[PDB]
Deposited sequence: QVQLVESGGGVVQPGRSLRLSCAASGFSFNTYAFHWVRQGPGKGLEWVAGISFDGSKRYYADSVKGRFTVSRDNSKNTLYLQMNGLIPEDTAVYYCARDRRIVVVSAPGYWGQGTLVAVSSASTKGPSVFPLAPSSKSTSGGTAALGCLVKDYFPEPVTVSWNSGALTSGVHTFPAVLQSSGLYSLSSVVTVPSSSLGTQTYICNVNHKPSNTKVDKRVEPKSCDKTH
């Protein structure tokens, strides 16, 4: 049932500090060592830090040694990563991972969902949501526009609608803000009988928006 939930991502100005945490339930937290792995946008995986099952040994990649510190609290079943003096090259999705083996440090076996850290001086901005009305099979969608930073999550019918969904990767417009479009293909018969709502979430700006999409 193992779950790992990272938290603390969002915008941080360059040269500042940001702390990341990771929840544990449910397994024997004190048995395992933990790792931090980050992935820049469109880039490969970089192992960053690791800590043994007891906090007696901490290991850091050369790119973050002397700047990052990793810690654990067995009482709260949480893993921590202190990031000092942040630079734009630190912009990545940071994953908390539990080791595949017991006790020893060998390999990240169970991963979290990852939290996105945007090392920028730009301001956080929530998105505007617009509908893409349809006109065999019909297509409809939502237009999530002008937000910063990444990411936004778009679910359909509060997750009930899963087939035919195409949430596109975000594009960075010239304004510096991100734009994204999520679309779905549904039979034209289920147009005046099935209500289609997209649930747009932007956690860094606390934007929970649901928008109805109906034919014109």
item: Deposited sequence positions missing from the model - stretches, numbered from 1, in order; value: 136-141, 223-228
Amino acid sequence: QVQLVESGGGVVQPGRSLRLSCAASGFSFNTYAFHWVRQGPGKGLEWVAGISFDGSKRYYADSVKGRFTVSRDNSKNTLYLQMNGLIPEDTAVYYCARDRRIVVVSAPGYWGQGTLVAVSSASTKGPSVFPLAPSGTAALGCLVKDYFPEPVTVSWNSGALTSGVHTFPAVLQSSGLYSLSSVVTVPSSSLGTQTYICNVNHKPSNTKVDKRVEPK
From here on, numbers count along this sequence of modelled residues.
| query | finding |
| --- | --- |
| Segment of higher mean CA temperature factor, 185-193 or 52-60 | 185-193 |
| Residue stretch of maximal mean CA temperature factor, 34-42 vs 176-184 | 176-184 |
| B-factor third for the C-alpha atom of residue 12 within its chain | highest |
| Modelled-residue ranking by C-alpha temperature factor, third containing residue 213 | highest |
| Residue 83 by Cα B-factor - lowest, middle or highest third of the modelled chain | middle |
| Position of residue 69 among the chain's modelled residues by C-alpha B-factor, lowest, middle or highest third | middle |
| Chain thirds of CA B-factor: placement of residue 22 | lowest |
